[PDB]
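Written below as structure tokens is the structure these notes are about.
There are 2 protein chains.
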Amino acid sequence: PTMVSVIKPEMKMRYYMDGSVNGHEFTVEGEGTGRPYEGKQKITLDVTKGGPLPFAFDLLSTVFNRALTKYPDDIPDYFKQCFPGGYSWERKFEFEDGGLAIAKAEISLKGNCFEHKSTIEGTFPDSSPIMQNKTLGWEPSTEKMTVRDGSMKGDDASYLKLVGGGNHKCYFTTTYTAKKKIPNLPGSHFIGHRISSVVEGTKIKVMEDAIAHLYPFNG
Amino acid sequence: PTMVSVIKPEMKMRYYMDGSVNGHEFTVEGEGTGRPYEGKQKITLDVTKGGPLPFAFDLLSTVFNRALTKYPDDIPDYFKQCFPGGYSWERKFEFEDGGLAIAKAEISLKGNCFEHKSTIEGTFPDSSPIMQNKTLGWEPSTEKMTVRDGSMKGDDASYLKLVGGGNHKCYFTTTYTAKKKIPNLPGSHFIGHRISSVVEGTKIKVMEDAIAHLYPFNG
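Here it is in structure tokens:
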């Protein structure tokens, strides 16, 4: 598949996030380790301001890097090609009850460590399961990837698990943009995700697995 | 996988559609043959009123039956369980330029033939590639399937191919409802689609392949 000399089989990550949800400001910091070509990553975070968070961590989990995606040989990997140079992205979250959030992230590479800086602003009705901190994780999803003006566009009809077995829809609309022109742009494809988070007080553990594909017809 | 005695390996289909786009009324009729358990189908249609259609047939292709989906052994097939009894669905189409359409369909089974009756209403800016009849088919997609109140919900971030290589986004939001309570409801999953249409004057040929799955993590 796409291979880049600065993207190593094992890499480290550092995170810093500032955010505000319904006026509640907070800060989260942490680190992690990832296997870029395997599309796997483990992250450990600490809420350093505004903790314990009064809302569901599920709102933040996907904000804490598509370079950590396993790409097959037949689909160009836009994200690994973003290095060296770095890239940024902005994601809009549209919840079924009108809740709305916008997160932005800048990802750079210092040595063998991804430096991830992000912010998020959100507004929700008090009745939202996000505000009541009662969602139980994101279901595995499929993000649709397309290209426009040299940037990757991702659309994901995401769903949060609820007490009692129901679900809560949240559309993700993301734009990923390399700082430098990417020479090998991919055709449209999919990325299958699986993310899990576990919150213990102000400490959180996150794991994401992501694999790009064109299943079941493979183009 | 899910097996139903009235859903045979080879089945026939009959279609009737009445619609109106930007005030232009039209009627389409046709027939087809499908392999329900293989998730394959072939359809031949004729525009019997309002033809040749002044807009892109891509707007109608997905309106002309989820019972024609290959389901794996580990995911209950809601759609085949809709028979006998029948089911209906309503799909909202939200185009990136503000174009909007709503299609409704009723699917019943008479003998070994699916009777498909549908309607569609659409409103588009004159500049839309749909109104200018210049889209070049839907890219293969992944529809997210969930369950709510005994009905299936489907979300698909669909894209139309354009002259010059670009794309045009259209969100599909669909609700599929069996006339009778479905006893074996599936968990959330995906359905991978591939549809193609060829228009020759007032005659159109459509082919769809659809496979339900949980790739790449398979639950």
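Chains A and B supply the protein sequences, listed in that same order. Residue numbering for the first sequence follows this note's numbering, starting at 1 and increasing by one per position. Residue numbering for the second sequence follows this note's numbering, starting at 1 and increasing by one per position. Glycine included, every Cβ here is placed at the ideal spot set by N, Cα and C.
Is the shortest distance between the beta-carbon of residue i and the beta-carbons of chain A less than 8 Å?
i: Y87 (chain B); result: no
i: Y159 (chain B); result: yes
i: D155 (chain B); result: yes
i: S5 (chain B); result: no
i: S20 (chain B); result: no
Measuring straight from C-alpha to C-alpha, what distance separates residue i and residue j?
i: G150 (chain A); j: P1 (chain A); result: 20 Å
i: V4 (chain A); j: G111 (chain A); result: 14 Å
i: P140 (chain A); j: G187 (chain B); result: 11 Å
i: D209 (chain B); j: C82 (chain B); result: 20 Å
i: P84 (chain A); j: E106 (chain A); result: 13 Å
i: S196 (chain A); j: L160 (chain A); result: 11 Å
i: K80 (chain B); j: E143 (chain A); result: 27 Å
i: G98 (chain B); j: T173 (chain B); result: 15 Å
i: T146 (chain B); j: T62 (chain A); result: 21 Å
i: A67 (chain A); j: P36 (chain A); result: 6 Å
i: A212 (chain A); j: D77 (chain A); result: 9 Å
i: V163 (chain B); j: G154 (chain B); result: 28 Å
i: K179 (chain B); j: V21 (chain A); result: 42 Å
i: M152 (chain B); j: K92 (chain A); result: 25 Å
i: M11 (chain B); j: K181 (chain A); result: 51 Å
i: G39 (chain A); j: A56 (chain A); result: 25 Å
i: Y176 (chain B); j: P183 (chain A); result: 43 Å
i: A103 (chain A); j: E121 (chain A); result: 7 Å
i: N133 (chain A); j: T48 (chain A); result: 18 Å
i: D74 (chain B); j: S127 (chain B); result: 45 Å
i: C113 (chain A); j: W138 (chain A); result: 27 Å
i: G30 (chain A); j: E31 (chain B); result: 59 Å
i: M131 (chain A); j: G86 (chain B); result: 40 Å
i: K203 (chain A); j: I43 (chain A); result: 11 Å
i: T69 (chain B); j: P9 (chain B); result: 12 Å
Determine, using beta carbons only, whether residue i comes closer than 8 Å to chain B.
i: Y176 (chain A); result: no
i: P1 (chain A); result: no
i: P129 (chain A); result: no
i: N167 (chain A); result: yes
i: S108 (chain A); result: no
i: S118 (chain A); result: no
Three-state secondary structure (DSSP) at residue i?
i: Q81 (chain B); result: helix
i: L185 (chain A); result: coil
i: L60 (chain A); result: helix
i: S5 (chain A); result: coil
i: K49 (chain B); result: strand
i: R66 (chain B); result: coil
i: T123 (chain A); result: strand
i: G23 (chain A); result: coil
i: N112 (chain A); result: coil
i: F217 (chain A); result: coil
i: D149 (chain B); result: coil
i: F55 (chain B); result: coil
i: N167 (chain A); result: strand
i: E106 (chain A); result: strand
i: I75 (chain B); result: coil
i: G30 (chain B); result: strand
i: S141 (chain A); result: strand
i: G98 (chain B); result: coil
i: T44 (chain B); result: strand
i: residue 220 (chain B); result: Because chain B here runs from 1 to 219, residue 220 (chain B) falls outside it and cannot be looked at.
i: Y37 (chain B); result: coil
i: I130 (chain A); result: coil
How about residue i and residue j: are their beta carbons less than 8 Å apart?
i: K169 (chain B); j: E96 (chain B); result: yes
i: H24 (chain A); j: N65 (chain A); result: no
i: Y15 (chain A); j: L45 (chain A); result: yes
i: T119 (chain A); j: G19 (chain A); result: yes
i: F26 (chain A); j: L53 (chain A); result: yes
i: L136 (chain A); j: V6 (chain A); result: no
i: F190 (chain B); j: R194 (chain A); result: no
i: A101 (chain B); j: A157 (chain A); result: no
i: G192 (chain B); j: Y215 (chain A); result: yes
i: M17 (chain A); j: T33 (chain A); result: no
i: residue 249 (chain A); j: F64 (chain A); result: No statement about residue 249 (chain A) is possible, as the shown extent of chain A runs from 1 to 219 and does not include it.
I'd like to know if residue i contacts chain E, where contact means its C-beta is closer than 8 Å to some C-beta of that chain.
i: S188 (chain B); result: Among the protein chains of the structure shown, namely A and B, there is no chain E.
- Item | Residues of the segment 190-216 of chain A whose Cβ lies closer than 8 Å to any Cβ of chain B, in chain order | Result list: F190, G192, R194, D209, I211, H213, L214, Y215 and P216.
- Task: Could you list the residues in the segment 137-152 of chain A with a C-beta less than 9 Å from some C-beta on chain B, going in chain order?
- Result: Listed by position, the residues of the segment 137-152 of chain A near chain B (Cβ gap below 9 Å) are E139, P140, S141, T142, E143, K144, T146, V147 and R148.
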